[PDB]
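Coordinate analysis (summary)
Take a look at the letters that make up each chain.
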Amino acid sequence: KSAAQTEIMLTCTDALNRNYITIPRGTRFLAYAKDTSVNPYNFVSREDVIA
Amino acid sequence: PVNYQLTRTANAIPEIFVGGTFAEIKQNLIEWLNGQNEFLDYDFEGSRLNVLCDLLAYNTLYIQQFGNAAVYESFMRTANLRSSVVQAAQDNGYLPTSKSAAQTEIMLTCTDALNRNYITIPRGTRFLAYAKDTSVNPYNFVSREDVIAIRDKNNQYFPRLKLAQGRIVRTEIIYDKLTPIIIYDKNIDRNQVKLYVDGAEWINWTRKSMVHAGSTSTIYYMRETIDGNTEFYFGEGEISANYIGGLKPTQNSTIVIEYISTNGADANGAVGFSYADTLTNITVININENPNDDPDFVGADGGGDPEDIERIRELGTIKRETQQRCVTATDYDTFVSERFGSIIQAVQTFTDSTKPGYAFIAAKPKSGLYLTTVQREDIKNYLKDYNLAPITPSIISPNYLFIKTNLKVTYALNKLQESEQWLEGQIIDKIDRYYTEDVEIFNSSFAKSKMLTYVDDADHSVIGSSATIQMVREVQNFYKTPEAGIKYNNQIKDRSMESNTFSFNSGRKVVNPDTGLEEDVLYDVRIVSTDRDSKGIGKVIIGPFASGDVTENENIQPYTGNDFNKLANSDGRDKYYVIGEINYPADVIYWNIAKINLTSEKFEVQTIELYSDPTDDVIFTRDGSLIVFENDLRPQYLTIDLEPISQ
């Protein structure tokens, strides 16, 4: 079987202002994968990165 | 050496004990079993009469440990296993301070509604303190002693007292004389205990607050009985005292022990205290001054936790050199120690020849820097009772040489977990651990390479490190410097010894906008040690000057040139005034601002840093001057850069 994959660029920010914020493995997202609207599926980053 | 008769040896476990590697035991047994005795008639077999030899060798190598260990912990210097160590240190009159509690002196401003004179403030008077790490939760405090106050002028009291950490607990017991009275709890500083027997008093023996010359019986004893639980007991006396000994109870009594719970060393923070006082008309007016004494204050001190094994030993044997009395420089070092210790990291007492009497004691608290007072006066009294009568002890504190790092650890972003902050602080204590272990003590130097190897030991991701360095030594009185004092002990690397800040006052008026005027408190100054010259020379300068205030006369004519003597950055109009000597090869600094003849009132607060950078990498020490870095108290110089690497 196989799973969908994209690359999204998150614009987010932190209150602590600390440099080199991380974004760990799972970071659950959810996506409609549109047929009309209703219901999401799920998403997980699964790797690391850095900002 | 020269003559071979001087070889001798240090403490040496003889070859008699040592103990087996196994197979060497197999060798010696076979030679004793097969040889010199039997020439085997054995009925087992060719192999069995062989094989069965090591079957009893495992019996040896076993009994050569299980029973042979006893002689290791029988003696002191060679023993391991605390229990034996401690238990064998009381017959040397020591005891190892199982734990400790924080102590301060606060002055309560409170007052009463009855206005009655001589208000009291009894033993417990529960307080509570955050001992700040952030804010949340208190610990506890109890005064534990007495005091008194006095009403003067306006109706108020100043019942300044001292206080310990924990709460208290009292367990009364009937003495069976067959029943080794004990405690069992993991606590109870042996420094502060009461233990009445049904009347009062019972000042015991092992630790005196008075020594009460004569006084005969009523003493008791406190030791160990291993296990962590303290033993109390009484002497052999009779009192039908008989001759000499402890009074002993009589077959039935109420024995009231009271100790302090001593939460632990976590309480070093102190700072803000609250009343929590319910007694009588005393209002608990607050305005509580934690440090009303003297200069910079860390909060409480002490807190203990049990002493390490490597500590006890060194202090365990040396107390045979003394007997409960200090006649010697090395004695004060043992009397300023776990008895009064946990408030003092290192001592090195010495006597100055020019000034008779007056045994001088340098001390560094674990809190860092200065002992303040009443923690000093406390060290005063506990000595002078055991001291050599005419001479008075005094606490000078050492002459501190700190060092300014400015180091960069250059980690890698890939392998971290907690990233910055937590690593920013994880590098602190590792550096701090380097000082506490090697260079915390006297006569020991430090090498920045050894600091970096604890730096690179932070966790993993840190790879490489490096630092500049400057030796900082801060003058106290300033304005002068002592006679032939203020010395680094190291080569100074000329074109160094850079100023601090300073300031000026006076300079006519120079009114400003807004409000009426000002005193012209701006326009600071600062000192520079210039160059070297034909041999030492080098002079030094007080700093930038515009014009006006000075006495020029014929003896000043301010100038070193536009040569070295680097410039302070301001308008400042140069014209640096020559002040003092600073001979480079034998390290000496000399100032005496009176040379240019200014007024001390024109200067702001004294106690200014100077901090030249060293020539050689390694910084030495002598003459009872420590190099110890303490961060938490003075952050002023520590600067580190985490500049990262992405692979």
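Below is a short write-up of the structure. Positions along each chain are numbered from 1 by the written sequence. They may not match the entry numbering, and residues without coordinates are not shown. Lettering for chains starts from A, numbering for ligands starts from 1, and both go in the order in which the items are written. Part of a larger assembly is what these chains represent; accordingly, every value refers to the shown part. Heavy atoms from the whole structure form the basis of all side-chain values; hydrogens and water molecules are not counted. Residues with missing side-chain atoms are left out of burial classes, side-chain pairs and their counts.

1. What to know about the overall build of chain B
- Check the secondary structure of chain B and you find 10 helices and 17 strands.
- If you line up chain B on its principal axes, its C-alpha atoms span 110 × 80 × 60 Å. Only DSSP runs of H or I reaching four residues or more are called helices, and only runs of E reaching two or more are called strands; each is numbered from the N terminus.

2. Details of the packing of helix α9 (residues 422-439) of chain B against helix α10 (residues 448-455) of chain B
Residues and elements named next belong to chain B.
- For helices, the fitted line uses only the C-alpha atoms of the stretch in contact; every axis is such a line through C-alpha atoms, and the angle between N-to-C directions lies from 0 to 180 degrees. At a minimum axis separation of 8 Å, α9 and α10 run at an interaxial angle of 135°. Between α9 and α10, the interaxial angle falls into the category oblique. In this structure, α9 meets α10 at a crossing whose hand is right-handed. Residues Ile427, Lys430, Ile431, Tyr434, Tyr435, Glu437 and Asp438 of α9 lie in contact with α10, whose contacting residues are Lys450, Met451, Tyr454 and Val455.
- Here the contact of α9 with α10 is composed, by residue class, of 7 nonpolar, no polar and 4 charged. Angle categories are assigned with fixed cut-offs, so that under 35 degrees is roughly parallel, over 145 is roughly antiparallel, 65 to 115 is roughly perpendicular, and the rest are oblique. Handedness of a crossing is defined here by the sense of rotation of the near helix relative to the far one, left-handed for an anticlockwise turn of less than a right angle and right-handed for a clockwise turn. Contact criterion: two residues are considered in contact whenever any of their non-hydrogen atoms come within 4.5 Å of each other. Under the scheme applied, nonpolar residues are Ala, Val, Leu, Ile, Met, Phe, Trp, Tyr, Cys and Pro; charged residues are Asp, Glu, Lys and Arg; polar residues are all the others, including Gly.

3. Quick look at the environment of B:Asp112
All names here are of chain B.
- Positionally, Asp112 belongs in the loop between β1 (104-106) and β2 (128-129).
- When neighbours within four sequence positions are excluded, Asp112 is seen to be in contact with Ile119, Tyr157, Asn281, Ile282 and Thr283.
- Each polar contact in these results corresponds to two N or O atoms within 3.5 Å; when the atoms are within protein, one needs to be able to donate a hydrogen and the other to accept it, and residues that are neighboring in sequence are counted only if both atoms are side-chain atoms. Among the polar contacts listed, one links the side chain of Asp112 to the backbone nitrogen of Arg116, at a separation of 3.2 Å.
- Within the structure, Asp112 has its side chain in polar contact with the side chain of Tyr157 (distance 3.0 Å).

4. Thoughts on the sheet that holds strand β8 (residues 254-259) of chain B
Residues and elements named next belong to chain B.
- By this definition, two strands are paired if DSSP reports at least two bridges between them. Reading across from one edge, β4-β8-β5 is the order of the 3 strands in this open sheet, with antiparallel pairing throughout. With one partner strand each, in any of the chains shown, β4 (169-174) and β5 (196-197) form the two edges of the open sheet.
- When β4 meets β8, the two strands line up antiparallel, connected through 6 bridges. Counted as the bridge partner of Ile174 is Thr254 from β8.

5. Quick notes on the sheet that holds strand β17 (residues 640-641) of chain B
All names here are of chain B.
- Here we have 3 strands laid out as an open sheet, ordered β15-β14-β17, and mixed in their pairing. Every interior strand has two partners, whereas the edge strands, β15 (466-467) and β17, have only one.
- In terms of strand pairing, strand β14 (residues 407-408) meets β15 through 2 bridges, oriented antiparallel. Bridge pairing in β15 links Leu407 to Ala467.

6. A word on the packing of helix α2 (residues 48-55) of chain B against helix α3 (residues 57-66) of chain B
Residues and elements named next belong to chain B.
- Orientation of α2 relative to α3, taken along the N-to-C sense of each, is 15°, at an axis distance of 4 Å. Classified by the angle their axes make, α2 and α3 are roughly parallel. Between α2 and α3, the residues in contact are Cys53, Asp54 and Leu55 and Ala57, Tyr58 and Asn59, respectively.
- Split into classes, the residues belonging to the contact of α2 with α3 amount to 4 nonpolar, 1 polar and 1 charged.

7. Some thoughts on unusual backbone geometry
- In this structure, A:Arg46 takes a positive phi of about 75° despite not being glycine.
- Of note, the phi angle at B:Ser506 is positive, near 60°, even though the residue is not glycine.

8. A short note on the pairing of β8(B)
- The sheet contact formed by β5(B) and β8(B) spans 2 bridges and is antiparallel. Bridge pairing in β8(B) links B:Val197 to B:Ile255.

9. Side note on the environment of B:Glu172
- Examined against the element boundaries, B:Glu172 turns out to sit in strand β4.
- Once the C-alpha coordinates of B:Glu172 and B:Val197 are considered, the two residues, 25 residues apart in sequence, prove to be 9.4 Å apart.

10. Digging into the packing of aromatic side chains
Residue and element names in this part refer to chain B.
- Aromatic side chains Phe335 and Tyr386 sit 5.9 Å apart centroid to centroid with 45° between the ring planes, which places their arrangement in the tilted category. Note that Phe335 is positioned in helix α7 (residues 329-335) and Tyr386 in helix α8 (residues 376-386), a separation of 51 residues in sequence.
- Between the aromatic rings of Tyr435 and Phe446, the centroid separation amounts to 6.2 Å while the plane-to-plane angle is 45°, which identifies the pairing as tilted. Of this pair, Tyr435 sits in helix α9 while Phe446 sits in the loop between α9 and α10, and the two are 11 residues apart along the sequence.
- Classification of ring pairs uses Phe, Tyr and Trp, with its six-membered ring standing for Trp, and accepts pairs whose centres are within 6.5 Å; under 30 degrees between planes counts as stacked, over 60 as edge-to-face, and the remaining range as tilted. Chaining the aromatic ring pairs together yields one cluster made of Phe478, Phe502, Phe504, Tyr523, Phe545, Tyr577, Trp591 and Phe603.
- By definition here, charges over rings are those cases where NZ of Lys or CZ of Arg is within 6 Å of the ring centre and within 35 degrees of the ring normal. Above the ring of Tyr611, the side-chain terminus of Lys404 is found at 5.2 Å from the ring centroid.

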